[PDB]
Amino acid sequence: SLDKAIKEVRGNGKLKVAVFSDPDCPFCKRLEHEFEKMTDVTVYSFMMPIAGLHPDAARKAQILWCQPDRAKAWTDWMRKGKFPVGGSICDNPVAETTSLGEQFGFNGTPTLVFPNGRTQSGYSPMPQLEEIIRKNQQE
């Protein structure tokens, strides 16, 4: 459910895209660097740390989720390497979105999910990234 995702609105937020993302995945970070080059998009990031690969990733995800402005914390970390200093964890949906992503068969990050119900495993660079998101708004 969208209320279980970090929501970043960029410009008018018109294009929609969701990402199952791991805060310690460099491919996820690179995707966030690309998103920085676009506007007029809402990005919904569902936390999907892959603990087998990234031992600290579930902790980072909960901490980022539980910050006062979780979109600010998410992008600060993914694009800037700024991690909260005294970040606490409260009841959060990370465990649940991690299970869901696995249930959906997403075996790797980032996995993008488009409004038309299609997905893409792995990031794309700009300008392509924008085109693909645009093309999958419908159908």
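Each residue number is its position in the shown sequence, starting from 1.
Visitor: For the higher mean C-alpha B factor in the entry, choose 78 to 86 or 104 to 112.
Guide: Taking the mean B-factor of the alpha carbons in each, 78 to 86 is higher.
Visitor: Kindly indicate the residue among 28, 47, 43, 66 with the greatest C-alpha B-factor in the PDB record.
Guide: Across 28, 47, 43, 66, the entry lists the biggest C-alpha B-factor for 66.
Visitor: Where does the C-alpha B-factor of residue 39 rank in its chain, lowest, middle or highest third?
Guide: It falls in the top third of the chain.
Visitor: Taking the entry's C-alpha B-factors for this chain, is residue 132 in the lowest, middle or highest third?
Guide: Its C-alpha B-factor belongs to the middle third of this chain's values.
Visitor: Would you check the entry's CA temperature factor for residue 124 and let me know if it's in the chain's lowest, middle or highest third?
Guide: Residue 124: CA B-factor falls in the middle third of its chain.
Visitor: Classify residue 62 as lowest, middle or highest third according to the C-alpha B-factor given in the PDB entry, relative to its own chain.
Guide: It belongs to the middle third of the chain when residues are ordered by C-alpha B-factor.
Visitor: Which third of the chain holds residue 98 when residues are ordered by C-alpha B factor: lowest, middle or highest?
Guide: According to the entry, residue 98 has a C-alpha B-factor in the chain's lowest third.
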